[PDB]
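Remarks on the structure that follows.
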Amino acid sequence: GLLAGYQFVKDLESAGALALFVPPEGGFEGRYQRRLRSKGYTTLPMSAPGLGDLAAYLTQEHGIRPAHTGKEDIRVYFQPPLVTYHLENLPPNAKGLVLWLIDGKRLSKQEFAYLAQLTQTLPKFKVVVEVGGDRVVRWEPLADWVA
Amino acid sequence: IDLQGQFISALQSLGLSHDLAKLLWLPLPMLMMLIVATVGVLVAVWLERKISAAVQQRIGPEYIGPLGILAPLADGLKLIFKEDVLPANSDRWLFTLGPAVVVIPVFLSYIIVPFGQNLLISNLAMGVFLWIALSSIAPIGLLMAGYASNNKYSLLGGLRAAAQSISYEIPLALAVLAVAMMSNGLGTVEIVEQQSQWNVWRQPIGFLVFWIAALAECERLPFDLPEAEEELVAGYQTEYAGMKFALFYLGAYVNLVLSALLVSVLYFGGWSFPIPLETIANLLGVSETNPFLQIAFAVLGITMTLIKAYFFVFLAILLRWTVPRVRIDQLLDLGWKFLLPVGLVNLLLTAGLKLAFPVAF
Amino acid sequence: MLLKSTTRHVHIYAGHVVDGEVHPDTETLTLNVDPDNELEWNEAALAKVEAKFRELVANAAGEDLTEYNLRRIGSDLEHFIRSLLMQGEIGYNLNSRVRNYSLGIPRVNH
Amino acid sequence: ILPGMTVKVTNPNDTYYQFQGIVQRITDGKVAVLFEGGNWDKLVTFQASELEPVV
Amino acid sequence: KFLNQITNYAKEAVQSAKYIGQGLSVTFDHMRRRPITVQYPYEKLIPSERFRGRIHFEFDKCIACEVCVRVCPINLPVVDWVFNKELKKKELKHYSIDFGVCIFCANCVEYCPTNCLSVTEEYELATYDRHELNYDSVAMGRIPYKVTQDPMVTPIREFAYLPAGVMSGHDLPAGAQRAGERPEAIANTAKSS
Amino acid sequence: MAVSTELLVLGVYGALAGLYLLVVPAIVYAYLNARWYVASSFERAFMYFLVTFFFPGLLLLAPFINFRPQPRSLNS
Ligand SMILES: CCCCCCCCCCCCCCCCCC(=O)OC[C@H](CO[C@@H]1O[C@H](CO[C@H]2O[C@H](CO)[C@H](O)[C@H](O)[C@H]2O)[C@H](O)[C@H](O)[C@H]1O)OC(=O)CCCCCCCCCCCCCCCCC
Ligand SMILES: CCCCCCCCCCCCCCCCCC(=O)OC[C@H](CO[C@@H]1O[C@H](CO[C@H]2O[C@H](CO)[C@H](O)[C@H](O)[C@H]2O)[C@H](O)[C@H](O)[C@H]1O)OC(=O)CCCCCCCCCCCCCCCCC
Ligand SMILES: CCCCCCCCCCCCCCCC(=O)OC[C@H](CO[C@@H]1O[C@H](CS(=O)(=O)O)[C@@H](O)[C@H](O)[C@H]1O)OC(=O)CCCCCCCCCCCCCCC
Ligand code: SF4
Ligand code: SF4
């Protein structure tokens with residue numbers, strides 16, 4: 001209604017995994033991320049189309065192989081879990097760590113269900129997934145919207 | 001109605017030193033004209049961006065507001081929050097003053113914009129001549145913006161700007177001269193009340209001269225030399241960042257709504273729905289103290305002023321995308337070699353026709 | 001005119017910053033490690049970088065003041081900064097800024 | 001409609017109308033058809049209804 | 001001597017006035033035509049049939065012959081094989097392509113022998129972190145976007161898929177075909193007389 | 001018995017204000033959103049004049065309007 005309170009943060013703390021439906025101009029959902037960040041939660045957006053199993057990238061380790069281009073024969077990096085490493089590097093008084101996914105449309109229903117289930121375990125970890133859609137910034141729990 | 005009468009009377013009913021009430025009323029029109037000037041600036045920016053898009057088979061701003069209505073608001077608020085820069089060896093006080101000297105006298109010339117009779121701030125006796133005098137301070141602002149810069153790029157732009165704003169001040173005065181010949185005077189209300197049944201039909205050359213000179217005030221792409229991006233980067237504006245640059249961005253569209261309203265009042269008239277309206281005695285209206293008819297004719301006069309101001313704003317921001325630019329020397333030949341001779345010729349012709357046929361002049 | 005080697009988190013000039021200006025000098029070789037705060041610094045790491053800068057400008061220089069040699073010094077300073085970041089003496093800023101790991105991602109040293 | 005089968009497209013409102021390809025992958029009800037043609041094998045995703053298992 | 005100069009001046013001034021009036025009329029006419037703007041976020045332009053978008057990779061079809069690495073202009077695709085010792089079969093452990101370095105020339109897709117590698121119509125790649133552009137063997141399949149199956153986009157054909165004589169693709173009916181007949185239709189007509 | 005013209009003029013321009021910045025601007029939005037891609041040249045000029053005249057009213061209720069394309073039936 002042209003100005004929003006803090007219902008978004010309450011709904012995220014309740015459900016755990018939301019599924020935004022931002023308008024396809026991308027300037028009207030950043031304020032909701034700012035609302036999240038002002039409460040104490042820290043965000044980190046990582047553009048879902050480009051993650052692997054979503055279990056090797058978020059929970060376990062994974063060997064990233066950079067682009068050798070004729071030189072520098074194949075080498076692996078083993079970057080740490082993109083979540084367990086950011087839960088340790090939270091600010092002192094941090095309420096949690098929510099994970100923002102920009103292009104959630106590219107993922108599949110299986111990966112959505114996985115991201116929903118991952119919220120219950122691993123306590124200080126919420127999830128927002130900008131599934132594209134409606135002409136107003138509406139949300140809906142990510143456990144729903146599937147099946 | 002005479003809202004001033006009611007205001008001062010109702011304010012004197014509770015005492016408050018009747019002579020002091022007249023001082024407590026000046027802010028009312030002095031800020032009503034500011035409001036209409038700011039709305040005119042927003043309208044001019046929006047019209048430019050949305051008409052240049054239609055001319056080019058395009059669509060202007062549409063994701064800001066419903067129709068890009070909030071586009072000038074966003075473009076202004078951004079420039080408010082922008083960090084202001086002041087380069088290394090530039091002067092510190094002529095820098096932040098150029099964009100204000102180029103703006104203050106453009107606002108001050110709104111004293112004389114009528115918008116219907118008794119609907120203007122203090123119809124002055126000097127009227128249009130005061131505007132001719134006040135429009136000669138902006139070259140000081142451009143010389144000030146150029147002299148207070150360590151950038152030789154922008155001093156050369158300030159000079160070629162201050163040398164264009166003085167080239168189109170003699171014909172712009174020789175057109176108003178021929179208008180004031182017929183107008184019997186200089187005050188804008190007295191200039192327009194000679195249209196009682198339009199000066200464009202009797203000054204068909206002075207109209208052209210006035211309009212060309214006003215468009216050549218470093219305003220439109222016909223000329224816009226200090227803003228001609230390709231030949232030189234922004235000229236003198238190339239070093240102003242925040243609100244100091246928004247003062248240039250703003251003092252160039254108010255200087256366009258002003259000229260549109262002035263062409264309207266000089267050659268067409270901010271009154272007079274074309275038929276001689278005040279000869280609507282056929283509805284047996286006692287205009288004199290008719291409580292309404294007054295408000296109806298007020299609205300008609302405001303609409304008829306805005307129609308003919310919008311006509312010229314439209315035509316100017318249409319010529320912007322129709323006429324090719326001239327270098328700087330084909331520009332300085334319009335004034336002093338075509339506009340000044342034709343201005344003198346129009347003045348002499350109006351004089352000869354006023355001396356021979358004093359009726360209709 | 002200035003002669004400079006400006007890259008990310010290294011900015012070598014050929015003048016003296018008196019209050020914010022630069023003023024080309026022909027022998028000052030100022031240095032401006034990490035202006036945009038891509039990394040978080042310590043007192044020991046900045047001292048190591050200054051010492052490397054000194055031993056790089058003083059111990060190996062009898063050559064011209066072309067911009068080529070300035071770039072050649074800046075490249076070595078930035079390789080030293082990247083080595084410091086690899087060993088772990090410093091780290092990325094993690095602040096709410098752009099956060100693009102320009103010197104490499106965090107890995108686990110296997 | 002299973003992967004590996006050769007299918008054609010039956011949807012008059014699509015740029016790939018009456019094209020023929022092979023099903024590479026099916027997930028979440030939607031399929032992915034590979035049109036081997038021209039020079040570079042194209043792969044586009046269709047609904048399960050905009051195909052026809054040509055023999 | 002002096003009259004010819006003046007008649008030339010008049011013939012130049014009136015010509016310059018007419019050639020400004022004509023342009024003014026042309027520009028005032030231009031604002032009646034429908035804008036050709038393809039209002040991208042809600043009017044995405046449907047790509048061609050050969051558009052070279054993001055590469056798609058079927059892990060099951062890859063045999064690890066590395067021709068994708070060999071015909072690449074920059075030898076980009078990282079292929080990590082191990083050569084199991086059952087009889088001779090190579091085993092694929094990790095296939096990847098840094099789309100930040102990618103050139104989208106599709107030489108890799110042209111020379112894949114097993115049709116394991118293909119092009120898509122995903123031109124909407126953009127990230128805040130380039131290290132997220134290195135696609136795993138799993139982040140590459142991902143069932144491409146298909147602009148047409150989007151509830152908030154009205155697809156717009158480009159110039160090569162519009163019927164004969166049609167130039168713009170905005171005010172289009174719901175039954176248009178590309179330009180002419182396909183080969184099977186022409187052969188079927190030729191079959192009957 | 002407040003039939004005084006001193007009150008009737010207040011009523012008429014209090015209604016005029018609402019008509020100028022609350023009522024006609026919405027009609028201008030509606031009309032100019034309907035006939036935008038089909039309007040002729042003179043009609044375009046008149047539409048822009050309409051926006052120019054009522055701009056103070058168009059600004060007030062601009063933030064309360066969505067012109068987004070109203071998601072379509074996808075399966076069809
Ligand atoms: C960004 C750009 C746009 C932003 C808008 C500006 C912000 C202000 C928003 C407020 C708008 C509400 C006001 C309602 C308008 C009716 C008030 C009116 O007409 O009042 C008129 C009175 C009249 O004044 C008296 O008018 C009398 C007679 O009229 C005279 O007026 C002229 C002088 O001769 C004519 O020539 C006429 O013949 C002549 O008789 C005498 O002259 C008196 O001396 C004089 O005091 O003045 C007055 O108080 C008027 C003083 C207030 C000025 C505000 C006017 C706003 C324009 C609204 C136009 C609406 C058009 C139609 C709206 C519906 C849509 C179709
Ligand atoms: C204790 C702390 C105190 C601090 C003070 C600060 C607080 C501020 C107080 C509140 C702020 C209110 C601001 C505006 C209120 C409106 C006042 C007004 O209504 O003031 C009325 C004024 C005054 O003029 C009127 O003038 C006539 C009276 O005559 C006298 O009025 C003038 C003053 O004397 C002239 O001198 C005139 O010659 C003189 O005879 C009228 O009948 C009224 O009496 C009189 O008020 O109207 C005019 O000045 C005419 C100018 C308006 C004309 C409108 C045309 C509108 C433009 C169209 C709008 C759309 C534009 C968008 C598109 C634009 C594109 C170009
Ligand atoms: C000489 C004097 C001159 C002085 C100069 C005057 C200066 C004026 C400065 C003020 C100008 C501000 C204009 C704002 C317009 C606008 O916001 O754009 C409208 C847009 C359009 O999107 C909207 O968003 C909605 C969709 S959605 O939900 O946001 O996604 C939907 O409504 C649709 O997209 C669209 O309507 O709204 C937004 O996108 C979200 C921005 C939120 C705006 C905040 C509300 C305004 C509050 C003001 C502060 C009050 C403080 C007290 C409140 C408790
Ligand atoms: S996809 Fe083709 S080119 Fe690439 S490794 Fe497999 S067989 Fe070789
Ligand atoms: S698109 Fe070009 S750069 Fe990328 S893998 Fe194919 S051939 Fe190599």
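Each chain of the structure tokens is named A, B, ... in the order shown, its residues numbered from 1; ligands are numbered from 1 in display order.
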| task | Please determine the contact residues of chain A with respect to chain F at a cut-off of 12 Å, counting only C-alpha atoms, and supply them as a list in words. | result | residues 1, 2, 3, 23, 24, 25, 132, 133, 134, 135 and 136 of chain A
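Counting only C-alpha atoms, every residue of chain B that comes within 7 Å of chain E is listed here: residues 54, 55, 56, 57, 58, 59, 322 and 323 of chain B.
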Selection file, C-alpha atoms, as an mmCIF file, in the first residue's frame:
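That gives us result-v3.cif:
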data_model
loop_
_atom_site.group_PDB
_atom_site.id
_atom_site.type_symbol
_atom_site.label_atom_id
_atom_site.label_comp_id
_atom_site.auth_asym_id
_atom_site.auth_seq_id
_atom_site.Cartn_x
_atom_site.Cartn_y
_atom_site.Cartn_z
ATOM 1 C CA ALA B 54 7.135 10.512 -29.642
ATOM 2 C CA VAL B 55 8.988 12.351 -32.416
ATOM 3 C CA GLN B 56 11.438 9.446 -32.619
ATOM 4 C CA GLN B 57 8.947 6.541 -32.540
ATOM 5 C CA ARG B 58 9.832 5.785 -28.949
ATOM 6 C CA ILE B 59 8.530 5.783 -25.384
ATOM 7 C CA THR B 322 14.052 19.406 -36.268
ATOM 8 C CA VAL B 323 16.603 22.184 -36.889
#
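Distances to ligand 4 were evaluated for E:61, E:157, E:93, E:85 using only C-alpha atoms and all ligand atoms, and the minimum falls at E:61.
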Within 7 Å of ligand 5, counting only C-alpha atoms and all ligand atoms, which protein or nucleic acid residues do you find, written as a CSV table (one decimal) with N, CA and C atoms, in the first residue's frame?
chain,number,residue,atom,x,y,z
E,55,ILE,N,25.2,-22.2,-22.8
E,55,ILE,CA,25.5,-23.6,-23.2
E,55,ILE,C,24.7,-24.5,-22.3
E,68,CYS,N,35.5,-30.1,-27.4
E,68,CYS,CA,35.1,-28.8,-26.9
E,68,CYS,C,36.2,-27.9,-26.4
E,69,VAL,N,37.2,-28.5,-25.8
E,69,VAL,CA,38.4,-27.8,-25.3
E,69,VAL,C,39.3,-27.4,-26.4
E,71,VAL,N,38.5,-27.0,-30.0
E,71,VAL,CA,38.0,-26.0,-31.0
E,71,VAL,C,37.5,-24.7,-30.3
E,72,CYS,N,37.7,-24.6,-29.0
E,72,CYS,CA,37.4,-23.3,-28.3
E,72,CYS,C,38.4,-22.3,-28.7
E,73,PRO,N,38.0,-21.0,-29.0
E,73,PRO,CA,39.0,-20.0,-29.2
E,73,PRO,C,39.9,-19.8,-28.0
E,74,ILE,N,39.5,-20.1,-26.8
E,74,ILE,CA,40.3,-19.8,-25.6
E,74,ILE,C,40.4,-21.1,-24.8
E,75,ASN,N,40.1,-22.2,-25.3
E,75,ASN,CA,40.3,-23.5,-24.6
E,75,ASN,C,39.6,-23.5,-23.3
E,76,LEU,N,38.3,-23.0,-23.3
E,76,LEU,CA,37.7,-22.6,-22.0
E,76,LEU,C,37.1,-23.8,-21.2
E,77,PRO,N,36.4,-24.8,-21.9
E,77,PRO,CA,35.7,-25.8,-21.1
E,77,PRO,C,36.6,-26.6,-20.3
E,97,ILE,N,32.2,-24.6,-17.4
E,97,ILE,CA,32.5,-23.5,-18.4
E,97,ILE,C,32.4,-22.2,-17.6
E,102,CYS,N,33.5,-16.8,-21.3
E,102,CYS,CA,32.9,-17.4,-22.5
E,102,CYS,C,32.7,-16.3,-23.6
E,103,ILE,N,32.7,-16.8,-24.8
E,103,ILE,CA,32.6,-15.9,-26.0
E,103,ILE,C,31.3,-16.1,-26.7
E,104,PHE,N,30.6,-17.2,-26.5
E,104,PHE,CA,29.3,-17.5,-27.1
E,104,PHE,C,29.5,-17.6,-28.6
E,105,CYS,N,30.5,-18.3,-29.1
E,105,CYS,CA,30.7,-18.6,-30.5
E,105,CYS,C,30.2,-20.0,-30.9
E,106,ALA,N,30.0,-20.8,-29.9
E,106,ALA,CA,29.3,-22.1,-30.0
E,106,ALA,C,30.1,-23.1,-31.0
E,107,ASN,N,31.4,-22.9,-31.1
E,107,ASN,CA,32.3,-23.9,-31.7
E,107,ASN,C,32.2,-25.2,-31.0
E,108,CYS,N,32.1,-25.1,-29.6
E,108,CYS,CA,32.0,-26.3,-28.8
E,108,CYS,C,30.7,-27.1,-29.2
E,109,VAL,N,29.6,-26.4,-29.4
E,109,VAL,CA,28.4,-27.0,-29.7
E,109,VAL,C,28.4,-27.6,-31.1
Using the chain letters and numbers from this document, which residues of stretch 68-98 of chain E does DSSP assign to strand (DSSP E), as a tab-separated table (two decimals) with N, CA and C atoms, in the first residue's frame?
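That gives us states15.tsv:
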chain	number	residue	atom	x	y	z
E	78	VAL	N	36.48	-26.58	-18.94
E	78	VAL	CA	37.27	-27.44	-18.06
E	78	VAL	C	36.64	-28.82	-18.03
E	79	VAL	N	37.40	-29.82	-18.47
E	79	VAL	CA	36.97	-31.21	-18.46
E	79	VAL	C	37.93	-31.97	-17.57
E	80	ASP	N	37.40	-32.63	-16.55
E	80	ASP	CA	38.20	-33.36	-15.57
E	80	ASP	C	37.82	-34.84	-15.66
E	81	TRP	N	38.59	-35.61	-16.42
E	81	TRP	CA	38.35	-37.03	-16.56
E	81	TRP	C	39.41	-37.81	-15.79
E	92	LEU	N	33.96	-39.19	-16.58
E	92	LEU	CA	33.88	-37.75	-16.40
E	92	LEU	C	33.65	-37.44	-14.93
E	93	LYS	N	34.49	-36.56	-14.38
E	93	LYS	CA	34.39	-36.17	-12.98
E	93	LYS	C	33.83	-34.78	-12.78
E	94	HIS	N	34.15	-33.84	-13.67
E	94	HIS	CA	33.67	-32.47	-13.54
E	94	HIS	C	33.80	-31.78	-14.88
E	95	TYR	N	32.68	-31.34	-15.43
E	95	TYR	CA	32.67	-30.49	-16.61
E	95	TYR	C	32.19	-29.11	-16.21
E	96	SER	N	32.84	-28.08	-16.75
E	96	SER	CA	32.50	-26.73	-16.35
E	96	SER	C	32.87	-25.76	-17.45
E	97	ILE	N	32.22	-24.60	-17.42
E	97	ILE	CA	32.51	-23.51	-18.35
E	97	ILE	C	32.35	-22.20	-17.60
E	98	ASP	N	33.42	-21.41	-17.55
E	98	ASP	CA	33.35	-20.08	-16.95
E	98	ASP	C	32.68	-19.15	-17.93
| request: Restrict the distance test to only C-alpha atoms, flag each residue of chain F within 7 Å of chain E, and return the flagged residues as number ranges by chain. | output: F: 37-41, 71-74
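Excluding stretch 40-42 of chain A itself and same-chain residues fewer than 2 positions from it, the residues having an atom within 10 Å of it are residues 9, 33, 34, 35, 36, 37, 38, 44, 86, 87, 90, 91, 93, 94, 95, 96, 97, 98, 99, 124, 125 and 126 of chain A; 96 of chain C, counting only C-alpha atoms.
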| Contacts of ligand 1, 8 Å or closer, only C-alpha atoms and all ligand atoms, given as a PyMOL selection string | (chain B and resi 1-4+32+35-40+42-43+116-119+271-272+277-278+287-288+293-303) or (chain F and resi 13-21+24+52-57)
